[PDB]
Each structure stands twice: as C-alpha cells, then as structure tokens.
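Colleague: I am attaching a structure below and will ask some questions about it afterwards.
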Amino acid sequence: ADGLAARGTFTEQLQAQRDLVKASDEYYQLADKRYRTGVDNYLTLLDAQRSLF
Amino acid sequence: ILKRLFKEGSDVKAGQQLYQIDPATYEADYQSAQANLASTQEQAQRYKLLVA
C-alpha cells in the first residue's frame with residue numbers, strides 16, 4: 001500500500017518538479033539573453049545559473 | 001564676434017553664414033547633451049532588442 005501511494009503521488013510530484021525545472025531553465029535563458037544584449041552584468045547570470053543548478 | 005564672412009554690398013542668399021559669434025558655452029552644453037543622447041540611445045536600442 002505504501003508502494004501504491006508512492007506510485008500515485010510521485011507522478012504528480014515529478015511533473016511539478018519538471019515544470020519547476022522548465023521554469024528555471026527559461027529564467028536562465030532570459031537572463032542569458034539580457035546579458036548577451038548587454039543590460040545586466042555577469043554576476044546576475046551566475047546567480048541565475050546557480051538557481052538552475 | 002570672431003569672423004565676418006560676407007562681402008559688403010553683395011547679393012546675400014537665404015541660408016548664408018554672415019558672422020561667427022564665438023561658440024564656447026554652446027559647444028560645451030552641446031557636448032553635455034550629446035553625452036545624454038549617447039547613453040540613452042544605447043538604453044533604447046538594448047530594450048528594443050529585449051522586448052522581442
């Protein structure tokens with residue numbers, strides 16, 4: 001029964017976690033675009049990279 | 001006045017330079033405004049790239 005509860009809840013948890021990772025990856029990509037155009041510096045890019053990690 | 005650039009008794013034309021009143025403070029605040037343009041045009045172009 002604990003194995004069945006884990007099967008039932010980890011699909012929802014892992015899909016929420018993949019959406020977490022997709023959101024943080026898109027945030028890092030926008031911070032990289034903001035850096036490459038030239039508005040913010042490289043420290044904020046490294047902070048976004050650590051959040052994605 | 002630094003120069004007088006018209007011959008007296010001549011057919012002058014609309015848009016011809018006559019005198020030269022010494023530009024010192026006018027070149028000064030022209031450069032002071034040109035610096036603001038050189039910064040804020042960079043701001044406008046960076047944000048026009050980033051809105052897309």
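Residue numbers start at 1 in each chain; chains themselves are named A, B, ... in the order of the structure tokens; ligands are numbered from 1 in the order shown.
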Check every residue of chain B for an atom within 8 Å of chain A, counting only C-alpha atoms, and provide those that qualify as an NGL selection string.
Modeller: :B and (46 or 49-50)
Colleague: Could you write out that same residue set with N, CA and C atoms as an mmCIF file, in the first residue's frame?
Modeller:
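out-v3.cif, freshly written:
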```cif
data_model
loop_
_atom_site.group_PDB
_atom_site.id
_atom_site.type_symbol
_atom_site.label_atom_id
_atom_site.label_comp_id
_atom_site.auth_asym_id
_atom_site.auth_seq_id
_atom_site.Cartn_x
_atom_site.Cartn_y
_atom_site.Cartn_z
ATOM 1 N N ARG B 46 19.010 48.650 -26.591
ATOM 2 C CA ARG B 46 19.045 47.432 -25.778
ATOM 3 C C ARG B 46 17.648 46.963 -25.401
ATOM 4 N N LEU B 49 15.772 45.548 -28.412
ATOM 5 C CA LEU B 49 16.138 44.159 -28.680
ATOM 6 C C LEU B 49 15.502 43.211 -27.671
ATOM 7 N N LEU B 50 15.428 43.611 -26.400
ATOM 8 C CA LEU B 50 14.971 42.669 -25.383
ATOM 9 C C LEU B 50 13.456 42.524 -25.291
#
```
Colleague: Which distance in Å separates CA of residue 27 (chain A) and CA of residue 42 (chain B), to one decimal?
Modeller: 23.9 Å
Colleague: Please report, as a PyMOL selection string, each residue of chain B to which DSSP assigns alpha helix (DSSP H) when run on this structure's backbone.
Modeller: chain B and resi 25-50
Colleague: Taking the DSSP secondary structure from the backbone, can you list the residues of chain B that are strand (DSSP E or B), as a PyMOL selection string?
Modeller: chain B and resi 3-4+19-20
Colleague: Give me the residues within 7 Å of residue 4 (chain B) as a PyMOL selection string, counting only C-alpha atoms and dropping any in the same chain fewer than 2 places off.
Modeller: chain B and resi 6+18-20
Colleague: Please write the residues from the selection above to a file, keeping N, CA and C atoms, as a PDB file, in the first residue's frame.
Modeller:
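As a result, part.pdb now contains:
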```pdb
ATOM      1  N   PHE B   6      30.810  87.761 -44.885  1.00  0.00           N
ATOM      2  CA  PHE B   6      30.135  88.263 -46.072  1.00  0.00           C
ATOM      3  C   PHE B   6      30.854  89.504 -46.580  1.00  0.00           C
ATOM      4  N   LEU B  18      26.872  84.656 -42.079  1.00  0.00           N
ATOM      5  CA  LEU B  18      27.319  86.049 -42.078  1.00  0.00           C
ATOM      6  C   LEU B  18      28.451  86.294 -41.086  1.00  0.00           C
ATOM      7  N   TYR B  19      28.210  86.042 -39.808  1.00  0.00           N
ATOM      8  CA  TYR B  19      29.168  86.286 -38.742  1.00  0.00           C
ATOM      9  C   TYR B  19      29.614  84.959 -38.139  1.00  0.00           C
ATOM     10  N   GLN B  20      30.361  85.037 -37.041  1.00  0.00           N
ATOM     11  CA  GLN B  20      30.644  83.854 -36.225  1.00  0.00           C
ATOM     12  C   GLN B  20      30.768  84.331 -34.777  1.00  0.00           C
TER      13      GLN B  20
END
```
